[PDB]
Amino acid sequence: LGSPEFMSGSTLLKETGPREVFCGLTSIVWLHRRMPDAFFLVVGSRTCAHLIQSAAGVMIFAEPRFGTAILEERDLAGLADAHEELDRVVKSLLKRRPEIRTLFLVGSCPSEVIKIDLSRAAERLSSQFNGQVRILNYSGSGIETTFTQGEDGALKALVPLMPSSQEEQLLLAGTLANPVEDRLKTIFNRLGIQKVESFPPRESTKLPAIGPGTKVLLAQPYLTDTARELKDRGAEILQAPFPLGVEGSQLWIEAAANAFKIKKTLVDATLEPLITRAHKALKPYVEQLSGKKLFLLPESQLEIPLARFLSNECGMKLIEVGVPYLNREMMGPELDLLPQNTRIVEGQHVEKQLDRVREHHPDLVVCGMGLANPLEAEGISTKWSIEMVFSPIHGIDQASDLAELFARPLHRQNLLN
Amino acid sequence: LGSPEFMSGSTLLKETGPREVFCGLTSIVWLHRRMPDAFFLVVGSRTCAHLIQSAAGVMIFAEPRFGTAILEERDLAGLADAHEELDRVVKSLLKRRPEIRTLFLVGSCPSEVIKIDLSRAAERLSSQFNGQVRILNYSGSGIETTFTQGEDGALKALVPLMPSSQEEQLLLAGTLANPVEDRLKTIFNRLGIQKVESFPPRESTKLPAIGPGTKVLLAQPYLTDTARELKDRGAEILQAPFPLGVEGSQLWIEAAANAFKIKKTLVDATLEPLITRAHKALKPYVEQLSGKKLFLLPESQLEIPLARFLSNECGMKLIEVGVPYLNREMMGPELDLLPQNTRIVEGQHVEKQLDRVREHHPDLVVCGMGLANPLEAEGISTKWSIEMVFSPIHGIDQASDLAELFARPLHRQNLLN
Amino acid sequence: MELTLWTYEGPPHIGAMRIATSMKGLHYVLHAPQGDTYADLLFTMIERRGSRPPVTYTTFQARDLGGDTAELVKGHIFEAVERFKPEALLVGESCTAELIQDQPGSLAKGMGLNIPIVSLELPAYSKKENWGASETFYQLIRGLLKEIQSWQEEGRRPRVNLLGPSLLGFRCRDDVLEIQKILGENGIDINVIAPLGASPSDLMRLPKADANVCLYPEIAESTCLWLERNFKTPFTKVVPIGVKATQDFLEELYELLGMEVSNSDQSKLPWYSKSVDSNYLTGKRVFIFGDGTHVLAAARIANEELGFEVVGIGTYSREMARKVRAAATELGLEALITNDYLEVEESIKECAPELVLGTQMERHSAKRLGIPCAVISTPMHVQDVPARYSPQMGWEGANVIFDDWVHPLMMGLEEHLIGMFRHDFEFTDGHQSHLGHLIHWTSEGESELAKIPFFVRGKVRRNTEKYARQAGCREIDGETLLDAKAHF
Amino acid sequence: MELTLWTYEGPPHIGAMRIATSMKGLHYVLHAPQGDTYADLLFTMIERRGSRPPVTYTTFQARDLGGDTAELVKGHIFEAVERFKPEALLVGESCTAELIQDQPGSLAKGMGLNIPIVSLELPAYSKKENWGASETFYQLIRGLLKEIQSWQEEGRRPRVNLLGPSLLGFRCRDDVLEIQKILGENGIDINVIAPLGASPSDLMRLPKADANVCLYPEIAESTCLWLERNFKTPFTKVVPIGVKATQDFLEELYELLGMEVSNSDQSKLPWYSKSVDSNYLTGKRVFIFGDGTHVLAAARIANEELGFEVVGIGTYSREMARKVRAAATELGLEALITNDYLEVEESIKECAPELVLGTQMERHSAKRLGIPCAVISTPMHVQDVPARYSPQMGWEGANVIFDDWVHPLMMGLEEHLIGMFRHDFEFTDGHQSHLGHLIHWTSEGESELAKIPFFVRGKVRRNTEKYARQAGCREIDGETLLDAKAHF
Ligand code: PMR
Ligand code: PMR
Ligand code: SF4
Ligand code: SF4
Ligand SMILES: [K+]
Ligand SMILES: [K+]
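Protein chains in written order, with the deposited numbering: chain C, -5 to 411; chain C', -5 to 411; chain D, 1 to 148, 158 to 270, 275 to 451, 479 to 528; chain D', 1 to 148, 158 to 270, 275 to 451, 479 to 528. A prime marks a further copy of an entry chain.
1. Which same chain residues end up closer than 8 Å to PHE123(C) when comparing Cβ atoms and leaving out the 5 residues on each side of it in sequence?
2. Which residues in the same chain have their Cβ closer than 6 Å to the Cβ of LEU320(C), if we skip the five residues on either side of it in sequence?
3. By Cβ distance, which residues of its chain are closer than 6 Å to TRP6(D), with the 5 residues on each side in sequence left out?
4. In terms of residues, what are the limits of the beta strand (DSSP E) holding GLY92(D)?
5. Look at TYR8(D) and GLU66(C') and say whether their C-beta atoms are less than 8 Å apart.
6. Cutting at 6 Å between CB atoms, please list the residues of its own chain near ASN352(D'), excluding the five before and the five after it.
7. Does the region 206 to 224 of chain D come within contact of the region 238 to 247 of chain D, defined as at least 3 CB pairs closer than 8 Å?
8. Have a look at the DSSP bridge pairing and note the partners of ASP198(D').
9. Answer with buried or exposed for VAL419(D), where buried requires no fewer than 16 other C-beta atoms within 10 angstroms of its C-beta.
10. Can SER360(D) and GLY320(D) be called in contact, C-beta distance under 8 Å?
11. Does the CB of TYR402(D') have a neighbour CB from chain D at under 8 Å?
12. Ends of the beta strand (DSSP E) at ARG298(D)?
13. Around ligand 5, which residues pass a check of Cβ closer than 6 Å to any of its heavy atoms?
14. Nearest-angstrom Cα distance between residue 599(D) and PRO403(C)?
15. What do you reckon, is the C-beta of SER102(C) under 7 Å from a heavy atom of ligand 3?
16. Taking only beta-carbon atoms, is residue 477(D) less than 8 Å away from chain C?
17. What residues from the region 75 to 87 of chain C come within 9 Å of chain D', judged by C-beta to C-beta, listed N to C?
18. Using the beta-carbon of each residue, which ones in chain D' are nearer than 7 Å to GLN47(C)?
19. At a CB distance below 7 Å, what residues from the region 25 to 37 of chain C approach chain D'? Give them in sequence order.
20. If you check the beta carbons only, do residue 418(C) and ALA115(C) fall under 8 Å apart?
21. Would you list, in chain order, the members of the region 263 to 287 of chain C that have their beta-carbon closer than 7 Å to a beta-carbon of chain D?
22. Closest Cβ-Cβ distance between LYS362(D') and chain C: below 8 Å?
23. Identify each residue in the region 0 to 17 of chain C' for which the Cβ-Cβ distance to at least one residue of chain D is less than 7 Å, and report them in chain order.
24. Which residues in chain D' sit within 9 Å of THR62(C), going by Cβ to Cβ distance?
25. For ligand 2, I want to know if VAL289(D') counts as a neighbour, meaning its beta carbon is within less than 7 Å of at least one of the ligand's heavy atoms.
26. Output, in chain order, the set of chain C' residues within a Cβ distance shorter than 8 Å of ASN503(D').
27. Please decide whether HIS355(C') counts as near chain D, where near means a Cβ-Cβ distance under 8 Å.
28. How would you call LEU282(D'), buried or exposed, if buried means at least 16 neighbouring beta carbons within 10 angstroms?
29. Assign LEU236(D') to one of three DSSP states: helix, strand, or coil.
30. Would a C-beta distance cut-off of 8 Å place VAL369(D) and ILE350(D) closer than the cut-off?
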């Protein structure tokens, strides 16, 4: 921990040391299901291969959806041409899965350290097919990306393939659950916004068009590069907090309505029943969560909006809000909503951070699954952090469900004892 | 054992005493699958109910295919009208399974002892619907029927419902496996017999017509009453051995060809390739089975044809051939094929019969599952008798499969030791 | 008459046969028609035993009804005693024999046999299997012992009888092993295990125990009560299925024996259920059914040890009714007391649970309704008489219970992914890959209903319709479904 | 490069981590990039452990590559030793760290630490997990003991070491328990169990044993060989998985100890497999795959104890290749030695077995091919680390094996009924209700092919096409299918 900085009444610290997070390769676990017509081929080692199947291999696959081109000794010794090897591997893969429409060559620590030019390989491979299979590249390496940053890489790679258009369009960027996607679209249509599309899409071949006149709402806080690339193609990136809970979702929706100049009386008549019902639904969880001390370890960059929601709407007390990365301009609107004197730590020293957890003994510690069960054995209740990336947590109507995710382990603690 | 009788060089004995066989109710286990559009409602006790589900309840049923109307104290005390009760029960059953096309009221020991007139109930119920559900009756009681005799009851009940016609027709009576049914039909069509139908059918509503000009081949040895009833409606009951193995199947097929006056050169040109291939297929099983001493306990009335096949075609030595019932006129052709001096026992004293098994110590004892495992523990190899009723054993082409059923437990004995 | 698609219990003579076969040196002459010998297969196939049941059936036919069926049973009694030479003889009737009333039991006592004779009076048209077994077990012991603190003074370890376990009982083979193991580690010896493994001679030693352990009340409660009245032997009433239940059972038995002082972590269930991969188990809706003992046990486990929400509960054991009703009341439910399979199926359908913990018969209704199921009680079939060690009782029993009751449920990651993405070509709605297998609703209303992730969709549809009725709502739409959710 | 949809083993450092975590008092400094800490979840989630692995990762980022990554690992070595104070220290690299070559191991030995230091040289691009674990286990013991008959004379019970068991090993938790139990009943004590549960101090006691028991050769064969060369300690080579194998193992160990004289019925598998409901198991076609030890074990069980016909066999353990080839030769097969999942899938597809006995990865191919599957070996996931007692070894292990390997198969009555009647509305082709879930062929030829009852239809189609090629046959018809059957 170094000298503190101060922004929006809140404290920003930075810590260096041992980290316990996922590399960006793990983005495949959710991305392969958002876009089933895509395949994710990692170029790396057996470690990378082992990572993905230790994650997703608990499920049984009739058809493979991901894989690893494992670097061999000859590759490292430069005795085999990397580009010839990639071509041969991609060749025999499309034999086993001839229905692949989009192939992602995902960079790893090994491929990025020795700098295999996967991007050019992707270009050349795309050329050799071009009517059938699109081949793209993004890095999911641990040395470069943390967890959800992998999605930022994947979406950024799709951006150049988005059709060019100057049409009216509200673009929702970031992985949404299917029913959440449909719900937000329905609401947006009630406001008079007829063109609402999602990025990423459900099919890799059907990318939304982009250009000037496209307003972009960022549903996920980890789309730094994707947002920048969307802006480079003419789209306007709306600034707003993230659609978590009533407060965040309301302002997020208002941002788009303001940009489309929708009359305030209409957006109020539309959002009012949703908000009132949400406040009603939230009550039993607030009862469970109010006054509870919360401590979040860095994982996904969801920690700041989650902390904002759990304190403002559920009445939890924040001990420490850890993030693996902090885009201050992007978290701007979110930092303004946070309660005063919030302690935010960018980076991590897991051992020292653990000491801070142990000395405080929080009511609920949001942490990874490398620390969850060990903390439980120490009599410290946890909420495994990964769940929020795999749950329908966005929108006014999902506020109570989001709160339930944190109320659940506390509730279970009571039931069992 | 009383004084012996002598027929076709073979010895016929009769034994009285404790029996170990199934009652005719057990016919439901195979009949409900031969005719899926039929339901089998037993009128009896909890014992009858327990019997059927202990048999078929190892399988999981989304939709019930059988059941029991369990007699209550009020029924026995005559305080409730049996006919009103039956009507109410059948009513609420057709509520749960409204797709039933044919309902079998199956008589049991309790219903037959106190003589509930199920037959009239079946008639009256049939009247009250008559466009939708057919309701019939047969007895499966232990006091009256043994095992496969239940099918004889069921088929006899369908006979009056068979359409009346004087058309050319070869009727195959008795449960055949679907592929066996199709195979025999294909062969019969090669001989020039264009009209070949099966009784029972695959759908209870689609019964074959009957009358003069109908030649009936009996595929099963336990259709004494059904054959008699078929004859009462004008059909000719062909006499022949039963289509087990090459010998039995050949003569069985020849019987129909002779009745239809098919030229012998045609039936020879058709059966020759089938017979030659069968002799080839039988060889490894004959090697396993030749010289082995066989002992069959009464179960199904299949024992005589099985013994005939296993001795004549597989070279087994017969110690004792037990049958629960012996229709001598019907087994006539079969008794002529049996090797001289075959010891056939009608009826049973299970304890004394067990002593005869133990004193001989046969290589293979065909017995029920109440004796199978206990005999195995005594170091006596068994072949569970029920299997032949649930296997495709009929026809020239199924000879090797039939032999395999008896070679299998002996083969396993070797593999395990 | 009573329409019965599936019967939860057999007739009472099966219970009698279960006693005779579980024991040694006890033969059973059963007056019954030809065909009732199917019962042998319960022991030779389901229990997979390498010996014939000690049962002699008279197996009368229709032709015998025109003759002397009474002489028929007398001959079989002679033969059975001569051939098998048992320590004691059970004589009884089947349902059909009960009609012709040959009084075979009293007949046996007038035949000059010099061994104890138990004449069984089992009403096949009023009572069932478990009552039959309990009655038989009771009469045999009452007959053997009728004519007829300390361990501290003797300087020996406390010794208890294990009463209840039997063939065709649920996992009795291993429950006995587990409990015997646990008692020995607690310094408590075993005196007599009965009926399973006991001879009539062993039953004579029953008063020699310091306390009676009633593992299966459906079979042995009447006996423990009789032993208490006549020999002052106290008996445990806590059945040790579940971690907490095993602890209570240990504390109870210690009191009856007068000892002082069972730790929780001796089972692995507490940690497994506490671990984070069990977080999503919280509030999963479960229906429970079976015999009284196993239902009561399962109820506490589901509610206090696993974190499930019990949404339905019942038993077919009418003798256990008041206890199941008390347990149901604590759970805020009304107990379903019935032997009617169609009523059970209906109750499951109505509360639409995510998991059914029932008998072999509940697999039928769960299959039709597409609900994950697990067997916790008889009636059972061969799958539930496994080769491996499979107790339900004690520390290890709770381990088996955790694995088996969680197994049918969709696993964590897959369940989350199906809630997120519904448009897959392989991982579709209701798919569970770990099993290795490939008044008016508006169009707007059903769309929000399809959003609901499968197994909980049933309750959602019910609650929304209940909500719509509970208000002035007509039809249903996407908003009223969200209204119903916030309402409950 | 090597296309890898599924990897049968992890990189070698996972094997090293398995040793350090299975042990106590042994820490592990791993030079690795940020993100490799996923390995912790193998122990906290799959093994469900309530403690962090004794592993300190340097977790370097891209920004660190512009700096002193060597100083980075030196700092973490200092911190780890100071904070955790272990008896001994493992120092090694991950695949990525192996590229930058910071020599962290030799660095550790130059930092003035006063505890034993094992410098791990694991080639992540040439070797895999099991080699990693075996190498780590070997170097640690070689390092600890380098500087350095009787039981009859001492008047004590023979004592053996159990070498091999580890976390992320297959059912090691219960295999150890079962074998330890069996040895004690045979009058044989346990000296040191390693690596699982052992400290570096315990490893010092390894020469004190009368014999070494090598339960998992993939992990402990190199060590037993080293212990034999240096301390004259003999070691068993028969792995006791299966009834016959356990018997041979007992006879072998007795010889090495010099004892005299294990009965077969101590397991229930022999009776269950001998009983009549196992008759139809004879000749069921099975494919076998996994690590060397479990494949060899499964092969004998399937062939000599269950009566299956092994139609395919292979391993990913290349160090076990010659033994799997010898076993395959006895079975009249060619062994598939590969780590290529696509090759395994292809081999299964080609021989079309009725049952697959493989790893977690074989479930993938069995699902796609619709073949009943069971896991017999790592790689595994959480389902195969159950709460209940689940050994594969010894008498009870064979019991578990019988239940689990027979379970995926369609049951007797249902299989017979589907061969008889194919026109049902519920019990259709390929349906298994006990799982509770609802060159040119002529038109004449395929009709006879559909007659074939499912799971054996695959082999029938192959054999008929092979038959048609083997002769002058063109097309295929109903008769040539029957000809092919009689031909084979
Ligand atoms: C690569 C290491 C690893 C291991 C050993 C597990 C085990 C495991 N992961 Mg998983 N998991 C790993 C990785 C990941 N998981 C991930 C996600 C995930 C979810 C949503 C879930 C889950 C689960 C598990 C579980 C519990 C078993 C299960 O229900 O799947 C194990 C053992 C499961 C759970 O209950 O977590 C608490 C669940 O809901 N994992 C992700 C997201 C990219 C990664 C990288
Ligand atoms: C009613 C008593 C009873 C019991 C306890 C069993 C158990 C059993 N019956 Mg079944 N079976 C019973 C009755 C019947 N069985 C019958 C048929 C049958 C067949 C074809 C088969 C079978 C089987 C069984 C089995 C073995 C488990 C199984 O695979 O189903 C048990 C425990 C099974 C087997 O392997 O038998 C050796 C098999 O192929 N039964 C029939 C024919 C009408 C009856 C009445
Ligand atoms: S990309 Fe890097 S951090 Fe991720 S699995 Fe591969 S080596 Fe490990
Ligand atoms: S019909 Fe008779 S023999 Fe059959 S189960 Fe009923 S009482 Fe028993
Ligand atoms: K009743
Ligand atoms: K390889």
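Heads up, the beta-carbon is just placed ideally off N, CA and C, and yes, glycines get one too.
For this structure:
1. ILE129
2. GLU340
3. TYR354 and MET374.
4. 88 to 93
5. no
6. For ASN352(D'), the CB contacts under 6 Å within the same chain, skipping 5 residues up- and downstream, are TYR8 and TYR329 in chain order.
7. yes
8. In the DSSP output, where bridge partners are listed per residue, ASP198(D') has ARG168(D').
9. buried
10. no
11. The beta carbon of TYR402(D') falls within 8 Å of a beta carbon belonging to chain D, placing the residue at that interface.
12. Counting along the chain, the beta strand (DSSP E) containing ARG298(D) begins and ends at 298 to 301.
13. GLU2(D) and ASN352(D)
14. For chain D, the structure presents residues 1 to 528; residue 599(D) sits outside this window and is missing.
15. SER102(C) Cβ: within cutoff of ligand 3.
16. Because residue 477(D) lies between 451 and 479, and chain D jumps straight from the first to the second, it has no atoms in this structure.
17. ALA76, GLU79, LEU80, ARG82, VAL83, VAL84, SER86 and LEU87
18. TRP6 and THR7
19. none
20. Beyond the ends of chain C as shown, which are -5 and 411, falls residue 418(C); an answer cannot be given.
21. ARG271, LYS274 and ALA275
22. no
23. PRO12, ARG13, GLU14, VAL15, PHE16 and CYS17
24. For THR62(C), the chain D' residues whose C-beta falls within less than 9 Å of its own C-beta are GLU2, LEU3, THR4, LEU5 and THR7, listed in chain order.
25. yes
26. Residues of chain C' passing the Cβ test: none, with the nearest at roughly 13 Å.
27. no
28. buried
29. In the three-state scheme derived from DSSP, where H, G and I count as helix and E and B as strand, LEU236(D') is classed as helix.
30. No; because the gap between Cβ atoms is not below 8 Å, this pair is not in contact.
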